[PDB]
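Protein sequence lines correspond, in order, to chains A and U.
Mapping of the first sequence onto the numbering used here: position 23 corresponds to residue 23, and the numbering continues sequentially without gaps.
Just so we're on the same page, the numbering used here is the position in the second sequence counted from 1, plus 48.
There are 2 protein chains.
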Amino acid sequence: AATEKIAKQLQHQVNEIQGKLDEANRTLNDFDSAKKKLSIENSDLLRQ
Amino acid sequence: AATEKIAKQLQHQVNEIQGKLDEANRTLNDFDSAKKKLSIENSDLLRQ
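1) Kindly indicate which three-state DSSP category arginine 26 of chain A falls into: helix, strand or coil?
2) At a CB distance below 9 Å, what residues from the stretch 9 to 34 of chain A approach chain U? Give them in sequence order.
3) With the cut-off set at 9 Å, would you say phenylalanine 31 of chain A and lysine 83 of chain U are in Cβ contact?
4) Are any of the Cβ atoms in chain U nearer than 9 Å to that of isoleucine 6 of chain A?
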């Protein structure tokens, strides 16, 4: 019952910190969708 | 002896996905440096 306690107390950390990752990984997504728009706006005007 | 082996299994992941995050937020800083460099030539080209 002692080692199961630090099992669960470590288990709470590994559960949440990927939620910190998945929240942070979402920032890795929408930057890329904003970047491809900023490229195609550059490509549309550099020819002009 | 199962849970003690389980305790390392939660331990091995919680160092692993941490290390993935250290590669992640670095790449978050990389696409940060990509956009701020690219958005400069957005306003620069639109000025020109």
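All C-beta atoms in this analysis are idealised placements derived from N, C-alpha and C, irrespective of residue type, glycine included.
So, from the listed chains and residues:
1) helix
2) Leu10, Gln11, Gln13, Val14, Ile17, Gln18, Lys20, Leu21, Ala24, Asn25, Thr27, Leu28, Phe31, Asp32, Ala34
3) yes
4) yes
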